[PDB]
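Report on the following structure.
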Amino acid sequence: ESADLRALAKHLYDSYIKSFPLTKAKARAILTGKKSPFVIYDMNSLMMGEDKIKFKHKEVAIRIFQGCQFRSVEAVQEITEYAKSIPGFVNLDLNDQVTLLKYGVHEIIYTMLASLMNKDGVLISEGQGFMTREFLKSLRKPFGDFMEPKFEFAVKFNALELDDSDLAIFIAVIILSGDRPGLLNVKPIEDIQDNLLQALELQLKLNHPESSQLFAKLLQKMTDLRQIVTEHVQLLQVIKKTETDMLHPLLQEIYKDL
Amino acid sequence: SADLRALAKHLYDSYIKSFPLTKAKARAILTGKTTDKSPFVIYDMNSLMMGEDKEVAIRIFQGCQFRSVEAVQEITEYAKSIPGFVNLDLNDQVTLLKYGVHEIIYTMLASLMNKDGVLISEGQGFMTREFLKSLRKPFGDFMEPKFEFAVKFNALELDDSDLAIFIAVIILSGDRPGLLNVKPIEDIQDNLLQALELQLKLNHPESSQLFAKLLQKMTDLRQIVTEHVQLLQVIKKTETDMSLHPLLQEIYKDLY
Ligand SMILES: O=C(O)c1c(Sc2ccccc2)c2cc(Cl)ccc2n1Cc1ccc(Cl)cc1
Ligand SMILES: O=C(O)c1c(Sc2ccccc2)c2cc(Cl)ccc2n1Cc1ccc(Cl)cc1
């Protein structure tokens with residue numbers, strides 16, 4: 001049903017624009033130099049970055065990694081608003097909505113982080129800043145190897161040259177996964193995903209006509225994505241049992257993990 | 001189009017050549033069809049001893065490792081039949097096998113499995129899921145993810161002709177860590193994906209987005225492998241005296 005697959009795509013894109021203040025288009029305009037980000041390439045610029053840039057968020061490697069978590073928690077609420085705009089989502093059993101978000105959000109976080117990344121570093125504070133990949137590697141060794149696999153993933157993901165229109169449908173596909181553990185009613189979830197997959201496939205065909213098997217290549221990117229998430233959780237589980245620099249009891253409660 | 005049906009059939013024939021127990025034969029065994037013989041059932045320590053013909057948990061885990069070496073050989077033989085594979089850089093041939101072999105082992109183990117157990121010794125035996133759960137920690141947990149995957153994967157109702165192409169798609173992954181020449185591998189996988197999409201459309205005409213759903217299962221496959229390497233490390237930390245096959249040591253060296 002081609003025309004309402006197109007309407008679904010347009011609806012998702014419009015909701016994506018509504019929910020996500022920094023889009024890939026804007027992020028790319030900055031990364032390609034096509035305003036300008038304050039650059040964090042060393043400890044000096046880091047310290048100067050912290051004073052100039054708001055950082056609405058107590059020693060460097062920790063300051064950075066905690067800041068990342070604070071920002072991810074913010075992203076969870078953006079992803080949640082977006083999910084609720086996916087037709088059918090808010091009428092799912094509430095338990096199932098929670099389950100799909102519980103497992104979906106991490107995956108979406110790394111997908112959207114790729115939009116902010118290139119081989120040389122990552123956009124931070126809504127494109128107001130740019131932290132270099134070298135500066136991150138230079139860090140403190142449980143922390144120098146924490147973003148590296150994300151840069152690896154991002155470089156291969158970004159080679160697909162997806163745009164916001166593509167990503168809006170791909171993110172929806174991720175959320176409506178009938179394979180999440182503990183789901184009560186898989187039927188409407190798979191029904192919704194079926195239509196999203198059809199919309200994604202058409203979108204990719206129209207948006208990237210010269211791009212053979214792009215649908216398949218993208219779906220298989222989900223394998224590396226889940227691996228990133230899995231290995232990131234066990235890095236958090238290592239970081240916790242070992243890191244003393246992680247009210248604050250009230251803060252801990254908000255940012256514990258999402 | 002081109003020539004995707006010939007490619008599909010070549011892969012199917014090479015798969016039949018390389019793997020001695022097909023899903024069709026496995027299913028005929030599991031469901032009591034008269035084309036095939038019924039299996040001996042291992043369901044407790046008693047029947048295990050009579051099925052075999054010093055601690056059982058280690059001996060079973062070790063038995064599985066050993067059949068996995070045979071599986072690695074069968075898969076390598078199959079990979080050579082994949083058009084373009086033998087033309088790739090030698091180091092890349094090694095990398096693709098290194099990372100692909102276990103995802104293939106788990107795909108193919110699903111063929112041997114139902115919710116209640118797994119075919120063993122080329123389908124001559126059947127070992128119950130409940131018996132495996134009864135093994136000593138940390139050996140009572142090691143097959144569970146594989147059964148959980150098998151049940152979900154088997155719901156796709158793929159046959160051997162579908163699986164032949166899927167396994168080839170798995171091996172020809174341009175995203176494997178440490179590949180030197182990614183382009184020629186993606187060129188090959190492009191053709192395999194085209195063949196797979198067409199095969200599922202013709203073989204499963206009433207099954208919507210089966211192609212997408214199958215590809216999505218590669219995500220589960222990777223997580224089985226990831227979680228298996230974790231378990232091996234727990235085994236490493238907590239057991240002694242266990243030998244390991246050079247093929248396996250080699251695959252597992254620097255694996256995730
Ligand atoms: O607050 C930020 O914008 C930020 C941060 S917070 C921060 C950045 C630099 C120095 C100290 C804190 C961040 C940290 C890392 Cl290691 C990687 C990416 C980071 N970002 C960008 C980011 C964007 C989106 C999401 Cl979900 C997570 C992080
Ligand atoms: O030799 C076998 O056929 C076998 C074995 S070996 C074995 C089985 C029962 C008692 C003693 C050894 C095996 C063990 C587990 Cl835990 C699970 C599946 C197993 N199988 C079936 C099997 C099929 C294929 C692959 Cl690559 C690995 C194992």
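Naming scheme: A, B, ... for chains in displayed order of the structure tokens; residues 1 onward per chain; ligands 1 onward as shown.
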
With the cut-off set at 9 Å and counting only C-alpha atoms and all ligand atoms, tabulate each residue of chain B with an atom at most that distance from an atom of ligand 2, showing the nearest atom pair and its distance in Å to one decimal, ordered by chain and increasing number, as CSV.
```
residue,atom,partner,partner_atom_place_in_ligand_line,distance
B:42,CA,ligand 2,9 (C),7.4
B:48,CA,ligand 2,10 (C),6.4
B:49,CA,ligand 2,10 (C),8.4
B:51,CA,ligand 2,10 (C),7.1
B:52,CA,ligand 2,10 (C),6.2
B:56,CA,ligand 2,11 (C),8.0
B:57,CA,ligand 2,16 (Cl),8.6
B:59,CA,ligand 2,11 (C),6.4
B:60,CA,ligand 2,12 (C),4.4
B:61,CA,ligand 2,16 (Cl),5.4
B:62,CA,ligand 2,6 (S),7.3
B:63,CA,ligand 2,6 (S),3.8
B:64,CA,ligand 2,14 (C),4.1
B:65,CA,ligand 2,27 (C),6.9
B:66,CA,ligand 2,1 (O),7.2
B:67,CA,ligand 2,27 (C),4.8
B:68,CA,ligand 2,26 (Cl),4.0
B:69,CA,ligand 2,26 (Cl),7.4
B:70,CA,ligand 2,26 (Cl),7.2
B:71,CA,ligand 2,26 (Cl),4.9
B:72,CA,ligand 2,26 (Cl),7.7
B:102,CA,ligand 2,26 (Cl),8.4
B:104,CA,ligand 2,26 (Cl),8.7
B:105,CA,ligand 2,26 (Cl),5.1
B:106,CA,ligand 2,26 (Cl),7.4
B:108,CA,ligand 2,24 (C),7.4
B:109,CA,ligand 2,24 (C),5.6
B:112,CA,ligand 2,23 (C),7.1
B:117,CA,ligand 2,17 (C),8.9
B:118,CA,ligand 2,18 (C),6.2
B:119,CA,ligand 2,21 (C),5.8
B:120,CA,ligand 2,3 (O),3.5
B:121,CA,ligand 2,3 (O),3.6
B:122,CA,ligand 2,3 (O),5.6
B:123,CA,ligand 2,3 (O),7.2
B:124,CA,ligand 2,3 (O),8.5
B:125,CA,ligand 2,3 (O),7.9
B:126,CA,ligand 2,9 (C),8.2
B:127,CA,ligand 2,9 (C),6.4
B:132,CA,ligand 2,16 (Cl),6.7
B:139,CA,ligand 2,16 (Cl),8.7
B:142,CA,ligand 2,16 (Cl),7.6
B:143,CA,ligand 2,16 (Cl),6.3
```

>> How would you report the residues lying within 8 Å of ligand 1, as a PyMOL selection string, if you count only C-alpha atoms and all ligand atoms?
In response: chain A and resi 40+46+49-50+55+60+63-76+109-110+112-113+116+122-127+129+131+136+147

Residues of chain B within 10 Å of chain A, counting only C-alpha atoms - could you list those as a short mmCIF file (atom, residue, chain, number, x, y, z; two decimals) with N, CA, C and O atoms, in the first residue's frame?
```cif
data_model
loop_
_atom_site.label_atom_id
_atom_site.label_comp_id
_atom_site.auth_asym_id
_atom_site.auth_seq_id
_atom_site.Cartn_x
_atom_site.Cartn_y
_atom_site.Cartn_z
N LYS B 152 12.81 -19.89 19.00
CA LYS B 152 12.44 -18.70 18.22
C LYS B 152 12.83 -18.82 16.74
O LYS B 152 12.05 -18.47 15.85
N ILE B 170 26.04 -15.08 6.41
CA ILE B 170 26.79 -14.99 7.68
C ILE B 170 28.31 -14.95 7.47
O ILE B 170 28.99 -14.06 8.01
N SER B 173 30.58 -11.51 5.84
CA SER B 173 30.27 -10.26 6.55
C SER B 173 31.44 -9.29 6.51
O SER B 173 32.50 -9.56 7.08
N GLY B 174 31.24 -8.15 5.85
CA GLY B 174 32.29 -7.15 5.71
C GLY B 174 32.57 -6.36 6.98
O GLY B 174 33.49 -5.54 7.02
N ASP B 175 31.79 -6.61 8.03
CA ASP B 175 31.94 -5.89 9.29
C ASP B 175 32.78 -6.63 10.34
O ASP B 175 32.96 -6.13 11.44
N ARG B 176 33.31 -7.81 9.99
CA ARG B 176 34.17 -8.56 10.92
C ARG B 176 35.39 -7.73 11.33
O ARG B 176 35.98 -7.04 10.49
N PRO B 177 35.76 -7.77 12.63
CA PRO B 177 36.94 -7.01 13.06
C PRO B 177 38.19 -7.46 12.31
O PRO B 177 38.41 -8.66 12.14
N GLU B 186 31.80 -7.38 0.72
CA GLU B 186 30.48 -6.76 0.52
C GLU B 186 29.91 -7.00 -0.88
O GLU B 186 28.70 -7.20 -1.02
N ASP B 187 30.77 -6.97 -1.90
CA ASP B 187 30.35 -7.30 -3.27
C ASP B 187 29.73 -8.70 -3.29
O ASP B 187 28.64 -8.91 -3.82
N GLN B 189 28.61 -10.50 -0.59
CA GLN B 189 27.40 -10.56 0.24
C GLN B 189 26.18 -9.91 -0.43
O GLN B 189 25.05 -10.37 -0.26
N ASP B 190 26.42 -8.85 -1.20
CA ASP B 190 25.37 -8.23 -2.02
C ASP B 190 24.66 -9.31 -2.84
O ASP B 190 23.44 -9.44 -2.77
N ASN B 191 25.42 -10.09 -3.60
CA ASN B 191 24.84 -11.15 -4.42
C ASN B 191 24.12 -12.23 -3.60
O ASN B 191 23.05 -12.69 -4.00
N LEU B 193 22.74 -11.87 -0.53
CA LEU B 193 21.52 -11.23 -0.01
C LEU B 193 20.42 -11.18 -1.07
O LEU B 193 19.27 -11.50 -0.78
N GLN B 194 20.77 -10.79 -2.30
CA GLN B 194 19.84 -10.83 -3.43
C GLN B 194 19.28 -12.24 -3.64
O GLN B 194 18.09 -12.40 -3.82
N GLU B 197 16.89 -13.11 -0.55
CA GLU B 197 15.61 -12.41 -0.65
C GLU B 197 14.70 -13.11 -1.67
O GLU B 197 13.53 -13.40 -1.40
N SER B 208 5.37 -12.73 5.32
CA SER B 208 5.70 -11.31 5.15
C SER B 208 6.95 -10.88 5.90
O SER B 208 7.12 -11.21 7.08
N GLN B 209 7.82 -10.14 5.21
CA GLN B 209 9.07 -9.65 5.79
C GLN B 209 9.89 -10.77 6.45
O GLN B 209 10.60 -10.53 7.42
N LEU B 210 9.78 -11.99 5.91
CA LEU B 210 10.58 -13.12 6.40
C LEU B 210 12.07 -12.81 6.25
O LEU B 210 12.87 -13.12 7.13
N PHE B 211 12.42 -12.18 5.13
CA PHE B 211 13.79 -11.74 4.85
C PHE B 211 14.32 -10.84 5.98
O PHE B 211 15.36 -11.15 6.58
N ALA B 212 13.59 -9.77 6.28
CA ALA B 212 13.91 -8.86 7.39
C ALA B 212 14.00 -9.57 8.73
O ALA B 212 14.93 -9.31 9.51
N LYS B 213 13.04 -10.45 9.00
CA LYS B 213 12.97 -11.21 10.26
C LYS B 213 14.14 -12.17 10.41
O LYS B 213 14.69 -12.35 11.50
N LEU B 214 14.54 -12.80 9.30
CA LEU B 214 15.70 -13.67 9.34
C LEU B 214 16.97 -12.86 9.65
O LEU B 214 17.73 -13.20 10.56
N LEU B 215 17.18 -11.78 8.90
CA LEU B 215 18.34 -10.92 9.13
C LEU B 215 18.40 -10.42 10.58
O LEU B 215 19.47 -10.41 11.19
N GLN B 216 17.25 -10.03 11.13
CA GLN B 216 17.14 -9.64 12.55
C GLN B 216 17.60 -10.73 13.53
O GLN B 216 18.11 -10.43 14.60
N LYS B 217 17.43 -12.00 13.14
CA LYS B 217 17.91 -13.11 13.97
C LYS B 217 19.43 -13.20 14.06
O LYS B 217 19.95 -13.85 14.97
N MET B 218 20.15 -12.55 13.14
CA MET B 218 21.61 -12.50 13.23
C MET B 218 22.05 -11.76 14.49
O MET B 218 23.14 -11.99 15.00
N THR B 219 21.18 -10.89 14.98
CA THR B 219 21.41 -10.14 16.21
C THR B 219 21.43 -11.11 17.41
O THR B 219 22.33 -11.04 18.25
N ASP B 220 20.46 -12.02 17.46
CA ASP B 220 20.40 -13.06 18.49
C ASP B 220 21.60 -14.00 18.41
O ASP B 220 22.19 -14.34 19.44
N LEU B 221 21.95 -14.42 17.19
CA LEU B 221 23.12 -15.27 16.94
C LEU B 221 24.39 -14.69 17.56
O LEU B 221 25.14 -15.40 18.23
N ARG B 222 24.63 -13.41 17.29
CA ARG B 222 25.82 -12.73 17.80
C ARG B 222 25.81 -12.68 19.32
O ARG B 222 26.86 -12.80 19.95
N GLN B 223 24.63 -12.52 19.91
CA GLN B 223 24.55 -12.46 21.37
C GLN B 223 24.79 -13.82 22.05
O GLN B 223 25.37 -13.88 23.15
N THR B 226 28.62 -14.09 21.98
CA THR B 226 29.10 -13.14 22.99
C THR B 226 28.98 -13.72 24.40
O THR B 226 29.92 -13.66 25.21
N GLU B 227 27.82 -14.29 24.68
CA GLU B 227 27.51 -14.87 25.97
C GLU B 227 28.25 -16.20 26.18
O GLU B 227 28.65 -16.53 27.30
N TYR B 256 36.30 -11.30 20.62
CA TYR B 256 35.41 -10.45 21.43
C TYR B 256 35.87 -10.28 22.89
O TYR B 256 35.07 -10.10 23.81
#
```

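Here atom CA of residue 207 of chain B stands at a distance of 20.8 Å from atom CA of residue 205 of chain A.
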
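Within segment 51-219 of chain B, DSSP run on the backbone puts these residues in strand (DSSP E): residues 113, 114, 117, 118, 119, 120, 125, 126, 127 and 128 of chain B.
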
Deliver the residues from the most recent selection as a file, using N, CA and C atoms, as a short mmCIF file (atom, residue, chain, number, x, y, z; two decimals), in the first residue's frame.
```cif
data_model
loop_
_atom_site.label_atom_id
_atom_site.label_comp_id
_atom_site.auth_asym_id
_atom_site.auth_seq_id
_atom_site.Cartn_x
_atom_site.Cartn_y
_atom_site.Cartn_z
N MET B 113 17.35 -29.24 17.26
CA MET B 113 16.74 -28.95 18.55
C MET B 113 15.24 -28.80 18.46
N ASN B 114 14.55 -29.25 19.50
CA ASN B 114 13.22 -28.76 19.77
C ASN B 114 13.21 -28.22 21.20
N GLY B 117 14.83 -30.93 23.80
CA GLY B 117 16.19 -31.47 23.71
C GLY B 117 16.85 -31.35 22.36
N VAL B 118 17.99 -32.03 22.22
CA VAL B 118 18.85 -31.89 21.05
C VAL B 118 19.31 -33.26 20.55
N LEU B 119 19.31 -33.42 19.23
CA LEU B 119 19.88 -34.59 18.60
C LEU B 119 21.40 -34.63 18.75
N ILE B 120 21.91 -35.79 19.14
CA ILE B 120 23.34 -35.98 19.31
C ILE B 120 23.82 -37.16 18.45
N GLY B 125 21.17 -40.20 18.85
CA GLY B 125 20.68 -39.97 20.20
C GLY B 125 19.92 -38.67 20.33
N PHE B 126 19.30 -38.48 21.49
CA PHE B 126 18.56 -37.27 21.82
C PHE B 126 18.82 -37.02 23.29
N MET B 127 19.41 -35.86 23.60
CA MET B 127 19.68 -35.48 24.98
C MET B 127 18.70 -34.40 25.43
N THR B 128 18.01 -34.65 26.53
CA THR B 128 16.94 -33.76 26.98
C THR B 128 17.47 -32.44 27.53
#
```

> Among segment 131-198 of chain A, which ones does DSSP place in helix (DSSP H, G or I), written as an NGL selection string?
Replying inline: :A and (133-137 or 148-158 or 164-175 or 186-198)

Can those selected residues be exported to a file as a CSV table (one decimal), in the first residue's frame so that it contains C-alpha atoms?
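Final output, saved to result_31.csv:
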```
chain,number,residue,atom,x,y,z
A,133,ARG,CA,38.6,10.9,19.6
A,134,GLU,CA,42.3,11.3,20.5
A,135,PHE,CA,41.4,13.2,23.7
A,136,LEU,CA,39.1,10.4,24.7
A,137,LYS,CA,41.7,7.7,24.0
A,148,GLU,CA,36.6,3.4,21.0
A,149,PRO,CA,34.1,0.6,20.0
A,150,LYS,CA,31.4,3.3,19.5
A,151,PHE,CA,33.7,5.2,17.1
A,152,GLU,CA,34.3,1.9,15.3
A,153,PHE,CA,30.6,1.2,15.0
A,154,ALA,CA,29.8,4.8,14.0
A,155,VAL,CA,32.3,4.9,11.1
A,156,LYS,CA,30.8,1.7,9.6
A,157,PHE,CA,27.2,2.8,10.3
A,158,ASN,CA,27.8,6.3,8.9
A,164,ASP,CA,17.0,11.8,9.2
A,165,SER,CA,14.1,10.4,7.1
A,166,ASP,CA,15.7,7.0,7.0
A,167,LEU,CA,16.7,7.1,10.7
A,168,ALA,CA,13.2,8.0,11.8
A,169,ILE,CA,11.8,4.7,10.4
A,170,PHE,CA,14.9,2.7,11.5
A,171,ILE,CA,14.5,3.8,15.1
A,172,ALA,CA,10.8,2.9,15.1
A,173,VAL,CA,11.7,-0.5,13.8
A,174,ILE,CA,14.1,-1.0,16.7
A,175,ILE,CA,11.5,-0.1,19.3
A,186,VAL,CA,3.7,-10.1,20.7
A,187,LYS,CA,0.9,-9.9,18.1
A,188,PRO,CA,0.3,-6.1,17.8
A,189,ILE,CA,4.0,-5.4,18.2
A,190,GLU,CA,4.9,-7.6,15.2
A,191,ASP,CA,2.0,-6.2,13.2
A,192,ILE,CA,3.3,-2.7,13.8
A,193,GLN,CA,6.9,-3.7,13.0
A,194,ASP,CA,5.8,-5.4,9.8
A,195,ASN,CA,4.3,-2.1,8.6
A,196,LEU,CA,7.4,-0.2,9.7
A,197,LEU,CA,9.7,-2.6,7.9
A,198,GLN,CA,7.7,-2.2,4.7
```

May I have the residues within 8 Å of residue 195 of chain B as a PDB file with N, CA and C atoms, in the first residue's frame, using only C-alpha atoms and disregarding those fewer than 5 positions away in the same chain?
```pdb
ATOM      1  N   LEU B   4      20.565 -15.675  -9.837  1.00  0.00           N
ATOM      2  CA  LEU B   4      20.361 -15.849  -8.410  1.00  0.00           C
ATOM      3  C   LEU B   4      19.828 -17.233  -8.080  1.00  0.00           C
ATOM      4  N   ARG B   5      19.073 -17.818  -9.010  1.00  0.00           N
ATOM      5  CA  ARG B   5      18.501 -19.142  -8.793  1.00  0.00           C
ATOM      6  C   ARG B   5      19.554 -20.243  -8.925  1.00  0.00           C
ATOM      7  N   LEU B   7      22.737 -19.724  -8.324  1.00  0.00           N
ATOM      8  CA  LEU B   7      23.520 -19.489  -7.121  1.00  0.00           C
ATOM      9  C   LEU B   7      22.862 -20.142  -5.900  1.00  0.00           C
ATOM     10  N   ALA B   8      21.553 -19.934  -5.752  1.00  0.00           N
ATOM     11  CA  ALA B   8      20.785 -20.569  -4.680  1.00  0.00           C
ATOM     12  C   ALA B   8      20.968 -22.091  -4.688  1.00  0.00           C
ATOM     13  N   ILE B 165      21.741 -20.535   1.970  1.00  0.00           N
ATOM     14  CA  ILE B 165      22.073 -19.176   1.565  1.00  0.00           C
ATOM     15  C   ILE B 165      22.310 -18.299   2.781  1.00  0.00           C
TER      16      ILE B 165
END
```

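With only C-alpha atoms as the atoms that count, the minimum distance from residue 28 of chain A to the choices A:162, A:62, A:9, A:90 is reached by A:162.
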
> Within 12 Å of residue 11 of chain B, counting only C-alpha atoms, which residues qualify if same-chain residues fewer than 6 places away don't, as a PyMOL selection string?
Replying inline: chain B and resi 4-5+17-19+77-83+160-169+192+195-196+199

May I have the selected residues written with N, CA and C atoms, as a CSV table (one decimal), in the first residue's frame?
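Writing the result to out31.csv gives the following:
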```
chain,number,residue,atom,x,y,z
B,4,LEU,N,20.6,-15.7,-9.8
B,4,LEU,CA,20.4,-15.8,-8.4
B,4,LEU,C,19.8,-17.2,-8.1
B,5,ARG,N,19.1,-17.8,-9.0
B,5,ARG,CA,18.5,-19.1,-8.8
B,5,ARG,C,19.6,-20.2,-8.9
B,17,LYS,N,26.4,-31.5,0.2
B,17,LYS,CA,27.7,-32.1,0.2
B,17,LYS,C,28.5,-32.0,1.5
B,18,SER,N,28.5,-30.8,2.1
B,18,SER,CA,29.4,-30.5,3.3
B,18,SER,C,28.9,-31.0,4.6
B,19,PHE,N,27.5,-31.0,4.8
B,19,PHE,CA,26.9,-31.2,6.1
B,19,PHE,C,26.2,-32.6,6.1
B,77,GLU,N,34.9,-26.4,4.5
B,77,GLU,CA,34.6,-27.0,3.2
B,77,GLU,C,33.4,-26.3,2.5
B,78,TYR,N,32.3,-26.1,3.2
B,78,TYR,CA,31.2,-25.3,2.6
B,78,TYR,C,31.6,-23.9,2.1
B,79,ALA,N,32.3,-23.1,3.0
B,79,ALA,CA,32.8,-21.8,2.6
B,79,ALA,C,33.6,-21.8,1.3
B,80,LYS,N,34.4,-22.8,1.0
B,80,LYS,CA,35.2,-22.8,-0.2
B,80,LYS,C,34.3,-22.9,-1.4
B,81,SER,N,33.0,-23.4,-1.3
B,81,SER,CA,32.1,-23.5,-2.4
B,81,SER,C,31.4,-22.1,-2.6
B,82,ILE,N,31.5,-21.2,-1.7
B,82,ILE,CA,30.9,-19.9,-1.9
B,82,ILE,C,31.6,-19.1,-3.0
B,83,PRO,N,30.9,-18.7,-4.1
B,83,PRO,CA,31.6,-18.1,-5.2
B,83,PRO,C,32.3,-16.8,-4.8
B,160,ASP,N,16.3,-26.5,4.4
B,160,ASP,CA,17.7,-26.5,4.1
B,160,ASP,C,18.1,-25.6,2.9
B,161,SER,N,17.3,-25.5,1.9
B,161,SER,CA,17.5,-24.6,0.8
B,161,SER,C,17.6,-23.1,1.2
B,162,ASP,N,16.8,-22.7,2.1
B,162,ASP,CA,16.9,-21.4,2.7
B,162,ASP,C,18.2,-21.2,3.6
B,163,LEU,N,18.4,-22.2,4.5
B,163,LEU,CA,19.6,-22.1,5.4
B,163,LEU,C,20.9,-22.1,4.6
B,164,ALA,N,21.1,-22.8,3.5
B,164,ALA,CA,22.3,-22.8,2.7
B,164,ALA,C,22.7,-21.4,2.4
B,165,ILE,N,21.7,-20.5,2.0
B,165,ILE,CA,22.1,-19.2,1.6
B,165,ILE,C,22.3,-18.3,2.8
B,166,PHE,N,21.5,-18.5,3.8
B,166,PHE,CA,21.7,-17.7,5.1
B,166,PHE,C,23.1,-17.9,5.7
B,167,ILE,N,23.6,-19.1,5.7
B,167,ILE,CA,24.9,-19.4,6.3
B,167,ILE,C,26.0,-18.7,5.4
B,168,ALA,N,25.8,-18.7,4.1
B,168,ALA,CA,26.8,-18.0,3.3
B,168,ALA,C,26.8,-16.5,3.5
B,169,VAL,N,25.6,-15.9,3.7
B,169,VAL,CA,25.4,-14.5,4.1
B,169,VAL,C,26.2,-14.2,5.4
B,192,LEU,N,24.7,-12.6,-2.5
B,192,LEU,CA,24.1,-13.6,-1.6
B,192,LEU,C,22.8,-13.1,-1.0
B,195,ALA,N,20.2,-13.2,-3.6
B,195,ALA,CA,19.7,-14.6,-3.7
B,195,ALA,C,18.8,-15.1,-2.6
B,196,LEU,N,19.1,-14.6,-1.4
B,196,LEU,CA,18.4,-15.0,-0.2
B,196,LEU,C,17.0,-14.4,-0.2
B,199,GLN,N,15.0,-16.3,-2.8
B,199,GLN,CA,14.6,-17.6,-2.3
B,199,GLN,C,13.5,-17.6,-1.3
```

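Checking B:243, B:249, B:76, B:22 one by one against residue 111 of chain B, counting only C-alpha atoms, you find the shortest gap at B:22.
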
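The space separating atom CA of residue 181 of chain B from atom CA of residue 160 of chain A comes to 17.4 Å.
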